[PDB]
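Take a look at the following structure, please.
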Amino acid sequence: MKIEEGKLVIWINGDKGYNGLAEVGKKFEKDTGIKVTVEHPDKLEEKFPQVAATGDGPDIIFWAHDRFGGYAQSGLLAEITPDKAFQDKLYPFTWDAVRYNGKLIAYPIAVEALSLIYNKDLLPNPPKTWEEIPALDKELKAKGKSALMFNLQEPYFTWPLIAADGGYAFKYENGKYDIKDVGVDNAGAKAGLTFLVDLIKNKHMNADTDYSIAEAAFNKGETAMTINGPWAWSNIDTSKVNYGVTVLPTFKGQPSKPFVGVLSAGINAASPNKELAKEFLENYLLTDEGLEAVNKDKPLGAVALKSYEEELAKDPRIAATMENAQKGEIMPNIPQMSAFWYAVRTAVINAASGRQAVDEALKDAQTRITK
Ligand code: NA
Ligand code: NA
Ligand code: NA
Ligand code: NA
Ligand code: NA
Ligand code: NA
């Protein structure tokens, strides 16, 4: 057949633990006699919709859930059939990330979100609120340091604060998103962006701080805190910096709302191996031993499977990742989300520089996203 019956071909990106996944496949092959081939093609997220559109490609694809919206719109993904008992083995918010048009189209694997990263030697008790941070910065500036540096140029990094007091991208209801219910220019978003702009106006942050500056400042020990994700941990210079990772600060008593990415496993709609793929994903990969094999190769971060997350969370960085993810916002998987990134990027830049008042900046963004 076009996709070969009686084997599994799996695509996963080259920055994931594909050797560990291959070992899960080897266990599957020993139990079933079914060959499992793990591949990590370049540009696989672009290749997959091309080959799957002709009924070809891998049996299983692994990618962040938000890309699977577009795949599901094109009918590239099988509706999966986990029973209710299996569903109860994963944190319930992860299933929401893999619903499209009401139907489950993938298995959640792992969970990623921003956290507050802090220098224990500069700040052994990091702030629980954003409101504390101006006064803390003044104290640290007096001793030659700063409180907080993070990427202000990209809304992925500023949204956690902007949205804390009631902002949101699109309202989620019943496995679907309301494209008319956008939370970009409401009073909560205005409050959060005002607080951010005030941090800049009061000289606690510089409006041109980007990813490079924040990472370098924190790694040099110049700033007590940054905001970044699990991809950054390996790069933190632990020779210079005894760092911790914790829950993001609250604003107006409300948690920060980082976007959540859920690494997910979809089954090709054209696969003749859908029962094999289900068996592999449910009863080999989504087990403590299967996730351990992948994680030992390249860390997954926090995971969707409760039994293994409860083990991983002995690492406080992973516990913090999951806490911030549970309080955060699943990234919408709908096409209108592309309008969100560029509209909000523009709004925050214009607000932080003074080109636009906060209110008019967010109003213009709201209009574009809802057009
Ligand atoms: Na194999
Ligand atoms: Na406090
Ligand atoms: Na448990
Ligand atoms: Na264990
Ligand atoms: Na005002
Ligand atoms: Na409006």
Side-chain angles (χ1 to χ4, degrees), residues 1-30 32 34-72 74 76-78 80 94 97-98 105-112 229-235 261-274 276-287 289-305 308 312 331 333:
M1 297 176 75
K2 250 194 186 253
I3 298 172
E4 215 155 309
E5 201 176 18
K7 68 179 287 197
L8 285 171
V9 173
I10 302 180
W11 286 4
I12 189 161
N13 205 43
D15 63 347
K16 307 301 193 191
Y18 53 76
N19 258 15
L21 191 59
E23 294 212 285
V24 184
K26 193 179 226 219
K27 175 57 177 151
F28 188 77
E29 171 163 340
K30 304 271 168 67
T32 66
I34 300 291
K35 175 145 151 277
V36 181
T37 296
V38 180
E39 302 177 330
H40 53 273
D42 290 353
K43 304 152 181 63
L44 79 78
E45 79 280 18
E46 293 184 42
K47 286 179 177 171
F48 177 77
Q50 296 172 345
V51 292
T54 70
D56 223 303
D59 297 282
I60 300 170
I61 177 158
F62 285 77
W63 203 266
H65 76 279
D66 60 314
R67 195 62 168 263
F68 285 2
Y71 297 166
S74 283
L76 307 180
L77 294 180
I80 57 163
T94 67
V98 293
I105 52 61
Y107 288 90
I109 308 300
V111 176
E112 185 164 67
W231 57 81
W233 299 349
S234 58
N235 239 346
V262 178
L263 177 65
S264 301
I267 300 174
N268 193 330
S271 175
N273 300 303
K274 292 185 178 82
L276 279 169
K278 170 176 180 173
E279 174 77 3
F280 174 81
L281 294 171
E282 289 191 12
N283 302 315
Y284 290 71
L285 181 56
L286 279 170
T287 66
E289 302 89 344
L291 293 180
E292 180 182 40
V294 176
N295 189 75
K296 288 181 292 182
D297 181 4
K298 290 290 178 172
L300 286 168
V303 298
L305 188 72
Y308 195 51
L312 290 177
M331 271 190 288
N333 63 1

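Positions are given from 1, in the same order as the sequence printed here. The figures that follow rest on heavy atoms only: side chains count, while hydrogens, waters and symmetry mates do not.
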Using 0.5 Å steps for rounding, measure from the CD1 atom of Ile34 to the CD atom of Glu5. 9.5 Å
Checking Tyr107 against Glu282: is there a side-chain donor and acceptor pair closer than 3.5 Å? yes
Any chance you could measure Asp56, atom CG, to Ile3, atom CD1, to the nearest 0.5 Å? 5.5 Å
Please round to the nearest 0.5 Å and tell me the distance separating atom NZ of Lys298 and atom CG of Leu21. 14.5 Å
Applying side chain to side chain contact (heavy atoms under 4.5 Å, CB included) between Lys16 and each of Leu263, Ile109, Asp297, report the one that passes. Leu263
Do side-chain atoms of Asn273 reach the backbone of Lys7 as a donor and acceptor pair under 3.5 angstrom? yes
Taking all non-hydrogen atoms of both residues into account, name the closest pair between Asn333 and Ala97 and its distance. ND2-O, 4.1 Å
State, to 0.1 Å, how close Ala293 and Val24 come at their nearest heavy-atom pair, and which atoms those are. CB-CG2, 3.9 Å
Note: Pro108 and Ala106 closest approach over all heavy atoms is CD-O, 3.7 Å
With side chains defined as the heavy atoms from C-beta onward, is the minimum distance between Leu281 and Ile80 less than 4.5 Å? no
Residues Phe62, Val38; criterion side chain to side chain contact (heavy atoms under 4.5 Å, CB included); working and verdict: CA-CA 11 Å; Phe62 285 77; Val38 180; over 6 Å; no
Could you walk me through whether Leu285 and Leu291 satisfy the side chain to side chain contact (heavy atoms under 4.5 Å, CB included) test, starting with their C-alpha distance in whole Å, then the side-chain angles of each, then the deciding distance to 0.1 Å, before giving a yes or no? CA-CA 6 Å; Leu285 181 56; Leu291 293 180; 4.2 Å; yes
Okay, side chain of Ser74, backbone of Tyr71: is any donor-acceptor separation there less than 3.5 Å? no
Taking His65 for its side chain and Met331 for its backbone only, find out whether a donor-acceptor pair lies under 3.5 Å. yes
Does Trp63 offer a backbone N or O that forms a donor-acceptor pair with the side chain of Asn13 under 3.5 Å? no
Any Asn295 side-chain heavy atom under 4.5 Å of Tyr308 side chain: yes
A side-chain contact here means heavy atoms from C-beta on lying under 4.5 Å apart; do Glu39 and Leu44 qualify? no
What are the two closest non-hydrogen atoms of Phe68 and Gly266, and how far apart are they? CE2-N, 3.7 Å
More than 12 non-hydrogen atoms from neighbouring residues, nucleotides or ligands closer than 6.0 Å to NZ on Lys26, yes or no? no
Tell me if a side-chain donor or acceptor on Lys274 pairs with a main-chain N or O of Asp59 at a distance below 3.5 Å. no
On a heavy-atom basis, which atom in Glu112 and which in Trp231 lie closest, and how many Å separate them? OE2-CE3, 3.3 Å
When rounded to the nearest 0.5 Å, the distance separating CG of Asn268 from CG of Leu8 is 11.5 Å
Taking the side chain as everything from C-beta on, heavy atoms only, tell me whether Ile10 gets closer than 4.5 Å to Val36. yes
Please report the C-alpha distance between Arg67 and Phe48 in whole Å, then the side-chain angles of each, then the deciding distance to 0.1 Å, and finally whether the side chain to side chain contact (heavy atoms under 4.5 Å, CB included) criterion is met. CA-CA 11 Å; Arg67 195 62 168 263; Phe48 177 77; over 6 Å; no
Distance in Å, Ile61 CD1 paired with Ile12 CD1, rounded so as to fall on 0.5 Å steps: 10.0 Å
Return the OG1 to CD distance between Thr37 and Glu29, rounded to the nearest 0.5 Å. 8.5 Å
Side chain to side chain, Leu276 and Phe28, heavy atoms closer than 4.5 Å: yes
